[PDB]
Structure formats: structure tokens, C-alpha cells
Amino acid sequence: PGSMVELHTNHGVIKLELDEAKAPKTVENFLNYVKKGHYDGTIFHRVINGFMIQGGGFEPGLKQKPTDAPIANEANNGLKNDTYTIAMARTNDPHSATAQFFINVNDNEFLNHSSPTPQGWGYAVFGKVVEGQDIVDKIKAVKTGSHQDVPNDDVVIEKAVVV
């Protein structure tokens, strides 16, 4: 019964179920970007098979879309970075997440919160893919640069919508 978002990519729809009970600020922030139209015309700019696919920040040509103020890290919510979960990207600053997200395509234990420290904070999970797992599986396997991890052919989020 979480909020639902569809990412309409150029490879098909990825449908997300979000967990606002466990990640309230993170889900609010994500839905704000969806409703603002932020993700529309962004790409998955970092694709690493066996690891994760990251997007929602850059337009084709790697032009970064402006974002709003960063949010606090909710990675202490107990949700793990397991296959098909969605989490927030960030810099080494734990409280730096804005728009960019990633979908885990493995059980990425090393991304999980252990403590509220610079090394331990981890990456905040706020939902999971409930339909279009096959689309995620296709995206993770595209050819990428060695340019490093950037898909040779753009993987575009054409529209993100709340459903």
C-alpha cells in the first residue's frame, strides 16, 4: 500500500512501490521531484551490471538538471540495498542526497547502513520495483563506456508519473 511511481523509459516502464512509513522524508523528496517533472528527460548515466543502475540527475550529453536542497539520510530505516530496491545516491556527505537515485541489481550489502558515521551511514532505501523487473534486467546489461559506466546508447527516463 505504498505510493506508486512509473518510470516510463525508452526501454519500457519500471513501476516502483515506495515505503513512506519507513522512509518518509525520502519518499516525500522523491515524489516532489516526480511531480515537478524533474526526472522527465533524465538518463541512467551510471550502469554497472552485477551492481546497480543510477539515474535521474543528468540529461543526454551529461548536462546536470538543477536540484533543490539535500535531505537527511534515512538509511537507518532497516531496509537493505537488495536486488530491485531503489535508494538515494549521494556524495561522501551523508546528508547530501537530492534527486539522483539507483536501483540495486544485486544484494549490495556494502551499501547498507551500519552506524551514523561518515563510513557507516550507507544509502537510504525507500522502495522497490514491483513491475518491470525485466526492464531493469535489460538496462543493467547495456553496453557502457570504459565515458566510464555511461551507456553507449542513452537510457532515458522519458516521463516519471505518480499512479
Out of curiosity, is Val27 hydrophobic (A, V, I, L, M, F, W, C) and either part of a strand (DSSP E or B) or in contact with a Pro (Cβ under 8 Å, 6 or more places away or on another chain) (or both)? no
With the requirement that a residue be over 24 Å from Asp149 (Cβ atoms) and of a type in the set (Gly, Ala, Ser), what does the range 1-47 give you? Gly2, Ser3, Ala21, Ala23, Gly37
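Just give me the residues in the range 51-102 being among the hydroxyl-bearing types (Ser, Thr, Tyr) and under 20 Å from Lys15 (Cβ atoms), in sequence order. It would help to see each step written out before you state the result.
Filtering the range 51-102 for residues among the hydroxyl-bearing types (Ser, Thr, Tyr) gives 67, 83-85, 91, 96, 98.
Answer for the range 51-102, where residues must be among the hydroxyl-bearing types (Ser, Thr, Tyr) and under 20 Å from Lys15 (Cβ atoms): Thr83, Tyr84, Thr85.
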Counting only residues in the range 142-163 that are farther than 15 Å from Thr9 by Cα and over 16 Å from the mean Cα position of the chain (by Cα), the one surrounded by the fewest Cβ atoms within 10 Å (Cβ to Cβ) is identified as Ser146
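I'd like the full set of residues that are in contact with an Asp or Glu (Cβ under 9 Å, 6 or more places away or on another chain) and either buried (at least 18 other Cβ atoms within 10 Å of the Cβ) or charged (D, E, K, R) (or both), limited to the range 74-96. Show your work before the answer.
Of the range 74-96, the ones in contact with an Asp or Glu (Cβ under 9 Å, 6 or more places away or on another chain) are 77, 79-83, 88.
Across the range 74-96, the qualifying residues are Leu79, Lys80, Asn81, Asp82, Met88.
For the range 1-53, how many residues are within 18 Å of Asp137 (Cα to Cα) and surrounded by 21 or more Cβ atoms within 10 Å (Cβ to Cβ)? Can you show your working first?
Going residue by residue through the range 1-53, those that are within 18 Å of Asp137 (Cα to Cα) are 6-17, 43-53.
Narrowing the set further to residues that are surrounded by 21 or more Cβ atoms within 10 Å (Cβ to Cβ) leaves 7, 9, 14, 16, 43-45, 47, 52-53.
Final tally of qualifying residues: 10.
Filter the range 48-77 down to the residues that are among the small types (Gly, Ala, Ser) and touching a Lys or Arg at 6+ places or on another chain (Cβ under 7 Å), then identify the one that is nearest to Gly37 (Cα to Cα).
As a first pass, look at the range 48-77 and keep what is among the small types (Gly, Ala, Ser): 50, 55-57, 61, 69, 72, 75.
Remaining after also requiring touching a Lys or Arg at 6+ places or on another chain (Cβ under 7 Å): 57, 72.
On the way: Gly57: 12, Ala72: 22 Å.
Looking at the filtered set, the residue picked out is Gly57.
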Among (1) under 28 Å from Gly145 (Cα atoms); (2) in contact with a strand residue (DSSP E or B) (Cβ under 9 Å, 6 or more places away or on another chain), there is one condition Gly127 misses while meeting the rest; what is its number? (1)
Wholly inside the range 71-156, strands (runs of 3 or more DSSP E) that include 1 or more residues that are over 13 Å from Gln54 (Cα atoms) are 125-131
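Cβ sites come from the backbone with ideal geometry, for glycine too, and all protein chains shown count toward neighbours. Throughout, read-outs are computed from the coordinates displayed, never taken from laboratory work.
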